[PDB]
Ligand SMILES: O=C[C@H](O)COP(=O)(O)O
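The chain below stands alone and is given as structure tokens, in the form deposited without the ligand.
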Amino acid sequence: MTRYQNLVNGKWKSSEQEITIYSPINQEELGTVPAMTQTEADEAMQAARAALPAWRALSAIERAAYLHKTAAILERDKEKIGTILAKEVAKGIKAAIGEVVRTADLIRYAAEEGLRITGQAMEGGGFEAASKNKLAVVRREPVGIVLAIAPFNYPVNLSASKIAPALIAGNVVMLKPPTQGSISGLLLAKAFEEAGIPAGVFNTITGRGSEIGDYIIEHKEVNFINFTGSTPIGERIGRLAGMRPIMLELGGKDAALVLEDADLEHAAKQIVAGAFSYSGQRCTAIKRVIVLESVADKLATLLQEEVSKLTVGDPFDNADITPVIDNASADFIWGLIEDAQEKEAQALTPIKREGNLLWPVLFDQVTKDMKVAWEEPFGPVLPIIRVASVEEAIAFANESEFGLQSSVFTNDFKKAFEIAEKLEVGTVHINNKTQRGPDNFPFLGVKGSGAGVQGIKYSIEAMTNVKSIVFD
């Protein structure tokens, strides 16, 4: 048995109690991570508070050098990290190695982007002539101790997208890796520690949501909460964070609005790739197709073909559809499928289940009464909703309680721009699948899909405070 331990104040620490992690594919005992106690979690935050000053007292280029060394150590260990990440969140082996290398690239970009944050030198005289001799120098300072909470679906990539923009800002961070995927967060901590980052600048917390989960969020040293997860927990984090600054990125039901003049082969390929990447267990995925009744039949057949050519197996065979993360989620997916299937929705793809591994289901003839039309599954299920006009498509898309992303497949671009401006959403992709995209691109969700704006530049900006120095 491999026993992993938390990085606290530059040191490795085990707790009295431990948590054992099991593969979502084999249920094989994968390792063990410590289960910390409220007191051991205070010690970690006191270490962070004590390491804050000497760390934000460095120049940006030195801590950027630390980040670059971490990225190099990550990239040389891509297979070692990737195989256990694949084992732990049931991800394809090429996909896991891919996110490790994409994480290294994200860390490099964040290091060189937080290294160029310039301020302002505002003047006074265009507002009043009595304040004409007052220059204000508006620079930007770290918020302090940033607590990053990572999702299971990307334990290395979303955690790093939280860590690195904080660290380059002069900002001490504490990571809480998810319960399923804590080994990956601890391997990221291993890379950070081997890079030589000072003691207390990067710390990890592992435990059970019952003991230290809400305690670390409501702590006084914590200055910024950066959370990725689902809306039930995001609502709590928003309510009990207080007046304190937060960044939440919760779920979404991204719609693929397909119109009359649309390249339906391109639309079908892009929709299936987006919808069934990582079994649909990703927040930025197409989770409903809203297509006009004129082209809906051609689109349905094309989608059926694309979904049929998807391989459904083991992660290490690089299957397209690997088993979902646990049995509770598979039960939720099966409930959504049963509700849709008993309400007379034609299933264009076979519906079958072997434990966690459940087959991609493509539903057609979906109405407003089936729950698969409204709820985010995180499973390989894709409803097809048929509407009469583009106005009904806009109304149906905007009737969701979520608003991350959308796709507006069409051929007229003034029409796509009109539709994109009418969609209550954060990002509109025209003629493409929804992505978190190049990570310089902004990433946000509106309505109940999040709070704050992600992306490297905006993440670096958000975990900082502006300070004006006003003189004559």
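The numbering used is simple: start at 1 and walk along the sequence shown.
We do not show the form solved in complex with the ligand, though everything after this point is about it.
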| property | result |
| --- | --- |
| Interface segment, criterion being heavy atoms within 4.5 Å of the ligand in the bound PDB entry, picked from 82-90, 390-398, 154-162, 68-76 | 154-162 |
| Contact flag, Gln270 vs the ligand in the bound PDB entry, heavy atom cut 4.5 Å | no |
| Non-hydrogen atom contact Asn223 with the ligand in the bound PDB entry at 4.5 angstroms | no |
| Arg288, heavy atom within 4.5 angstroms of the ligand in the bound PDB entry | no |
| Exercise: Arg386 in contact with the ligand in the bound PDB entry, heavy atom 4.5 Å | no |
| The ligand: the contacting residue among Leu175, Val361, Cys283, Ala110 in the bound PDB entry [heavy atom, 4.5 Å] | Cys283 |
| Contacts with the ligand in the bound PDB entry - residues in 429-450 whose heavy atoms fall within 4.5 Å | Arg436, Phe443 |
